[PDB]
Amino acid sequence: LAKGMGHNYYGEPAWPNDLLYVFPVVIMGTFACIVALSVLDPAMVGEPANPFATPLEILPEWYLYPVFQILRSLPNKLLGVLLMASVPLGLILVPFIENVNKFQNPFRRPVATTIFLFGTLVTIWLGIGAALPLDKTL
């Protein structure tokens, strides 16, 4: 379903409009799951009486773990700061790094994949907290 006009580069072949009619299925599907959840497992509350009273864990959002597991690991400094800054900035440079490859496809260049997988392992591994299984152990 893809001929020769205004021909070349990149574009559109088959399934036009009405895919935007399974989208509502996705949206409803997304909502539903978040709704079922909020019910079975709601939120809660905690303090506003004594801020002189330090808790002892500090469980920031789950996705601030790898970064947190870093910040607290290497002796403060800015290496951590600089290091965690390397996550977003380091990314911004990727389409400049792994940027060669045209005719092929994208899953046939290991000096990316390998690196990717590896980095998403460190990430996980670092996903750890309060003297949790500790940076060491694994």
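The first residue of the shown sequence is 1; numbering continues from there.
Task: Between the two ranges 81-89 and 51-59, the one averaging a larger CA B factor in the entry - done: For C-alpha atoms only, the mean B-factor is higher in 51-59.
Task: Average Cα temperature factor in the PDB entry - higher stretch of 98-106, 26-34 - done: Per the deposited B-factors, the answer is 98-106.
- [ ] Among 127, 11, 119, 16, single out the one with the highest C-alpha B factor in the record, please.
- [x] That would be 16, according to the entry.
Task: Top residue by Cα temperature factor, when 39, 74, 67, 44 are compared in the entry - done: Among 39, 74, 67, 44, the PDB entry lists the largest C-alpha B-factor for 74.
Task: Assigned third (lowest, middle, highest) for the C-alpha B factor of residue 1 - done: It belongs to the highest third of the chain when residues are ordered by C-alpha B-factor.
Open item on the list: Could you place residue 131 in the lowest, middle or highest third of its chain by Cα temperature factor, using the values in the record?
Closed with: Its C-alpha B-factor, which the entry lists for residue 131, ranks in the middle third among residues of this chain.
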